[PDB]
Every structure is written in C-alpha cells, then in structure tokens.
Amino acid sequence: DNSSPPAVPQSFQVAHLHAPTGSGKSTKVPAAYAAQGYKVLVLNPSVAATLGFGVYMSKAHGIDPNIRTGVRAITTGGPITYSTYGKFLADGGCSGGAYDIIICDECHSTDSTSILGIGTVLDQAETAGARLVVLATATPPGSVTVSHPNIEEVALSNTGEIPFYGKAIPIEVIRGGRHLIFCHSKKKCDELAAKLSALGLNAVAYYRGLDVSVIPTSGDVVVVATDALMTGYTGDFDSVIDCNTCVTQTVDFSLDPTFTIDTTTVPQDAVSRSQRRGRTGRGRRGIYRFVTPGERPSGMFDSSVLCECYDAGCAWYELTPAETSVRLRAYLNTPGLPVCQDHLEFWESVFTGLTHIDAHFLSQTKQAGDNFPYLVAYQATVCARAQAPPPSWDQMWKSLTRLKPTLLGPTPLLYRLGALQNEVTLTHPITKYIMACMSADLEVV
C-alpha cells in the first residue's frame, strides 16, 4: 500500500502517496517533513489550490509558506514552498539545491503543464540534490468507478419516449422530482431541454456562460447540463442521467495535409463518471442512469497533450524540443503515472523544424491564453510571410486581423487546429517538413 507518507531516505528515491483530497497529503505531510528540518516543495496544477494551501498552513499551523504562481510569488523564507507546476517550470525547474523533498500533488493530472512539470522534477531532482520525490494523488492511474453505497445504478434500455445517445429515457422517470441530465454539448442541452419542455416537463439548460439562478432552488425540474455545472452549482438531485461521453482535445493524423488537433467526442473515463454520478445521493439515496457501462479507467491521455508540452516548452519556458523530450522521457519511464503513446521523437522532430517564429505573434497568442500558442503563432507567422489569410477568422487567428485587407489567396496550411474556411495550398516547405516527420516515424506512419 502507498497510503502512508514515505520516510525521508538517505539518498534519492521516488515514492507514491495515494491519499484522499484534504487528508493531509498536501499540508500535514509537508508540515511534518519541515518539522524534521527538510525543505519541501509542493507542486499543484491549480493556482486556487496553491493559494489555499497557504491559507490553511498559516491559520492551522502558524506556518507561513512561500507561495508561487504565475501572477506573483510570496516569499517568507520558510522551509515549505507551494508552487503551481507552471510557475515551477517558468522558474527554471529544480534550480537546486533548493529543496530536499518535492511533492508532486495531483500527479494523475493530464494537463500539459502538470506532465511537463512532473517530468522536469523527475529528470532534475536527484542532480539538484533532493532526497525524495513524492508522486501524490487521490486518483491513481488505472482507477475505475467503484460502487457507491448510497447510489442505485440503473442502465438505460431502448424502452422510452425520449431518445438519448442510442438509448431511451422513459418520461415517467423524470416527471416529478429534480433530475440532472449530462449532455456532451451545449447544443444537445438546448435540444433536449426544448424537447422536454414541449413534452410538458419543467426543464432548463445549463452550460458555460449562463447564470446559476436559471436553475430553480425548489420545485420539480429537469436540468440539462454540461460539465460546466460542476463548477458551477452546488445542489444535488433525485437522479443523474449520464450520456457517458465527453468532449476532449485529440490529435488525428488525418494527412490533410498533416495532423488535426481539435475537440472530439470520446468515451468518458472513471473520473468523469464518478464526478457526474456524485451529483445525486447526497443526504438521501440517489439514482444514476447510464447509456453504457463504463469506462476508460483514469490515467490515459492523448498524444495531443505531448504536442502541447513541446508547444509550451517553446512558448513559455525557453526549452528546445530536445530539452522537452528529456523531461517527458523521464515521465514516461516512471511507473505509476498517467500513460500515453510514445510520440516523443515525432513531436520533437516537428517542433525542431518550426524555426523563426514571429516574436510579436507569439506574445500575442500567449497573452491571449488560447491553446497551442506556439503552433497558432507559427501558422500565423507563415501566413503573414506569404501574405496569405489564416485557415479561418476564428478568434484564434486574431493577430492577423490588422493585416486582413492585404492577406489573399490560399492558406499555406501547416496542420489543422479548428475548422477550415479558406482555400488551402500544401506547397509550403514547412508543410512538407511536417509530412516527412510523420513518414519518418514508425509509430505515426
């Protein structure tokens, strides 16, 4: 069992800590390490969680930790430091020998910043003079949704008036009471909520960019929502009905001309299933209805996230693709972490050829906070240098707006990051370069 905090070893060691959120793993455990005289770094994917550790440690233990985020760093000179993974990377990683112990919290996290952060720690900690790296999570990879004592789970059949993701919902099952239906998209939420209204039911849609008050506090209601609800709203429900699908970023080696990165419908994993289910069964018995028995277990992520790491290396952290590969290699080689196809050589080769980006476009896409700032600005750079329009006039291609009256002809398409709305040419040298990266890799070709 990995349920107890590791003892500090005499020389270097990587260990796992599996413990629930709030249980002490991010707070009590580093406090106890510091009471022993060690300097402790705690990394977390969230700015909010990171600040919150500081508030807990101060008020509960009279410990004022250092707190480091992209906005600002607060330094007390104390032995414990909380940082986001992003700020840690921006600070140069293990500029040791600063810390004796590094706790990678929520180490199941599969956002690109966490992955690159954790790989950085694993590649650098020992050389930086650390004695211990703790990979801590409340949700170890390979986790599956487990039975809940207060929630009755009932599969959907094909019997029912309301068509729902290949199955049916009987109306009797949502007439009277308060029910929550998860749909994968805002459009499905609008379609279903309209349909239910027409059937005489009290239904209302909820998603990103609507007020929480549009959900009534009392009364029979059927709420039709996306995962936006969970951040979100607080009340619980008589039942949850889950479409068991979600929208996520995926790469497709679509060869038109190269690859496509976009949001795609995919099977839901154990974490999503557990979270959606958990909106019923609070304080009384709940009901969970599902389209499909799950799941993907947790802890698998898409090759597009590896791409995103190389992107971030080049955009934010002044890392060459070769440097990024070293860090990601340490991550992939460490057992017990999230897993993904080994596309390191491929993605490295691609970014290696993306030379002479325009600095001003890159600062614009960075400041704008859109995904893949490096690839978006590189496409924009290619567009401007060819006096050609962007793939579309989506907000993505914002930096080219001032130049719009002088951009014309087909887009020299490098790859696809969203919908295509202009004529394309595939003659650009970089396009050819990226196609060759694909052909030169047996895992991708």
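A residue's number is simply how far along the shown sequence it sits, counting from 1.
Inset, instruction - Could you check the entry and say whether 18 to 26 or 426 to 434 has the higher mean CA B-factor? - result: Here the higher of the two C-alpha B-factor means belongs to 426 to 434.
Inset, instruction - Report the stretch with the higher mean CA temperature factor, choosing between 235 to 243 and 106 to 114 on the basis of the entry. - result: According to the PDB entry, the answer is 235 to 243.
Inset, instruction - Name the residue from 295, 323, 123, 91 with the greatest C-alpha temperature factor listed in the entry. - result: Each of 295, 323, 123, 91 was compared by C-alpha B-factor; the highest is 295.
Legend entry - Top Cα B factor in the deposited entry, candidates 317, 374, 207, 351: Reading the PDB entry, the winner on C-alpha B-factor is 207.
Legend entry - Relative C-alpha B-factor of residue 274, binned into the chain's lowest, middle or highest third: Its C-alpha B-factor belongs to the middle third of this chain's values.
Legend entry - Position of residue 288 among the chain's modelled residues by C-alpha B-factor, lowest, middle or highest third: Its C-alpha B-factor, which the entry lists for residue 288, ranks in the lowest third among residues of this chain.
Inset, instruction - Could you tell me which third, lowest, middle or highest, the C-alpha B-factor of residue 152 occupies within its chain? - result: Lowest third, going by the recorded CA B-factors of the chain.
Legend entry - Entry-reported Cα temperature factor of residue 304, expressed as the chain third it lands in: Within its chain, residue 304 is a lowest-third residue by C-alpha B-factor, going by the deposited values.
Legend entry - Chain-wide C-alpha B factor ranking for residue 84, given as lowest, middle or highest third: Lowest third of the chain for residue 84's C-alpha B-factor.
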